[PDB]
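Q:
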Amino acid sequence: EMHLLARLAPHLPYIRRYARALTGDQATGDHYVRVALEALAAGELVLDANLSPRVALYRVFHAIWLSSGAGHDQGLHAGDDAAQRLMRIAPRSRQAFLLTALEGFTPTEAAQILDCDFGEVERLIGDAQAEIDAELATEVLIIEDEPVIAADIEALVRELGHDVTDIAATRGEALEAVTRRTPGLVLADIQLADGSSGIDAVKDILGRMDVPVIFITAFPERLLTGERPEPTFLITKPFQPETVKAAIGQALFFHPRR
Numbered sequence: 000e001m002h003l004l005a006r007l008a009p010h011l012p013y014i015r016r017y018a019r020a021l022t023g024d025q026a027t028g029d030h031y032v033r034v035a036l037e038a039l040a041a042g043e044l045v046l047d048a049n050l051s052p053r054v055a056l057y058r059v060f061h062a063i064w065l066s067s068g069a074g075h076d077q078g079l080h081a082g083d084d085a086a087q088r089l090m091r092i093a094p095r096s097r098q099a100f101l102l103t104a105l106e107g108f109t110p111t112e113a114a115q116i117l118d119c120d121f122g123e124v125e126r127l128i129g130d131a132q133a134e135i136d137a138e139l140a141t142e143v144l145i146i147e148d149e150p151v152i153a154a155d156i157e158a159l160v161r162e163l164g165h166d167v168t169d170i171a172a173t174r175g176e177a178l179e180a181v182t183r184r185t186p187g188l189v190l191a192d193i194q195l196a197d198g199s200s201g202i203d204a205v206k207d208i209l210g211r212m213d214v215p216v217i218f219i220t221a222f223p224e225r226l227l228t229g230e231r232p233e234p235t236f237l238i239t240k241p242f243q244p245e246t247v248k249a250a251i252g253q254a255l256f257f258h259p260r261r
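Read in order, the letters of the sequence shown correspond to residues 0 to 69, 74 to 261 in PDB author numbering.
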């Protein structure tokens, strides 16, 4: 019996997470979500009356941004510049994989969002899984001081075939590690024990080598406001393994070699 904005609001930070991971750019992902929100609030589109509000919101997002090549609402079409880019970086297979692995939708829910049948969503997920698993092994630095968490993420990274070259508990340890060897990927806690950001002393060096960084946090919603500079790739602790596979898969898709 809640009104429209109340039905939408709790899901907005997480659809920003999805959009950022899918597009590889914080500003772009945030913008696409803002447009969908404003369109709904203005009555230009309407949530499906039966689907859960979360599923319905993602369906609207897909109608606006991701339906090129498809009465039925459609925003972008194949000829648009943004649509051409999205067809290359964000194919339907990758959408299906992120909806399930990153966002935790069931395959049936993902099918509603993509407007396809169950068999098709399974095919799409399988395609993306093969592509992600085929990513080249790289060297990974972890910056995390909580020991169980550090060990958990090392295990998940190793399970994906990557090589963890160090685990730093402090900003200084991270700088020592990077001085010895530049990694191809960094997973960094947003807040160490001293209250500092683990990435701070290596951010510049990593930036010049375009090394992707995934931020680790217990409260991802705080970094998913869309109102200031925030991470593009995020993972929540405690870890759900498929979300780590998805975040790493996207980071290395957008920023391979490093």
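By construction, the Cβ of each residue, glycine as well, lies at the ideal position given by its N, Cα and C atoms.
1) Closest to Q87 by C-alpha separation, out of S66, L101, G74 and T103, would be which residue?
2) Is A93 near the ligand PLP, going by C-beta to nearest heavy atom under 7 Å?
3) Measuring only the C-alpha atoms, how far is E147 from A191?
4) Which ranges would you report for the alpha helix (DSSP H) in the region 149-200 if only whole runs of at least 4 residues count?
5) Under 7 Å Cβ to Cβ from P52, same chain only, skipping five residues before and after it: list those, please.
6) With a threshold of 7 Å on Cβ separation, who are the neighbours of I152 within its own chain once the five nearest residues in sequence on each side are excluded?
7) Over the uninterrupted alpha helix (DSSP H) stretch that includes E125, give me the two end residues.
8) Whose C-alpha, out of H258, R16, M1 and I251, is nearest the C-alpha of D136?
9) Note down the Cα distance separating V247 from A55, rounded to an integer number of angstroms.
10) Can you name the start and end residues of the beta strand (DSSP E) that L4 belongs to?
11) Going by C-alpha distance, which of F108, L144 and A140 is nearest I128?
12) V34 by DSSP, collapsed to three states: which one?
13) Taking DSSP as the reference, what is the three-state secondary structure of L144?
14) For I238, which residues does DSSP report across the bridge?
15) Compute the beta-carbon to beta-carbon distance between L195 and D169, rounded to the nearest angstrom, for a pair I have assumed lies under 8 Å.
16) If you compare alpha carbons, which of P223, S96, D76 and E149 is closest to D197?
17) By how many angstroms is the C-alpha of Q132 removed from the C-alpha of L39?
18) Apart from the five residues just before and just after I208, which ones in its own chain have a Cβ nearer than 6 Å to its Cβ?
19) Need the endpoints of the alpha helix (DSSP H) that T246 sits in, please.
20) Determine the burial state of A104: buried for a count of at least 16 other Cβ atoms within 10 Å of its Cβ, exposed for fewer.
A: With the given structure in hand:
1) Nearest option by C-alpha distance: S66.
2) Although the ligand PLP was asked about, the structure shown includes no ligands whatsoever.
3) 6 Å
4) 150-162 and 174-183
5) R6, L7, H10 and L46
6) In the same chain as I152, and ignoring 5 residues on each side of it, the C-beta atoms closer than 7 Å to its own belong to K240, in chain order.
7) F121 to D136 is the extent of the alpha helix (DSSP H) around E125.
8) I251
9) 25 Å
10) It is not in any beta strand (DSSP E) - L4 instead sits in the alpha helix (DSSP H) that spans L3 to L7.
11) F108
12) Three-state result, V34: helix.
13) strand
14) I219
15) Not confirmed; about 15 Å, so no contact.
16) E149
17) Cα atoms of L39 and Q132: separation of roughly 33 Å, rounded to the nearest angstrom.
18) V181
19) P244 to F257 is the span of the alpha helix (DSSP H), which, as asked, contains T246.
20) When all chains shown are included, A104 counts as buried.
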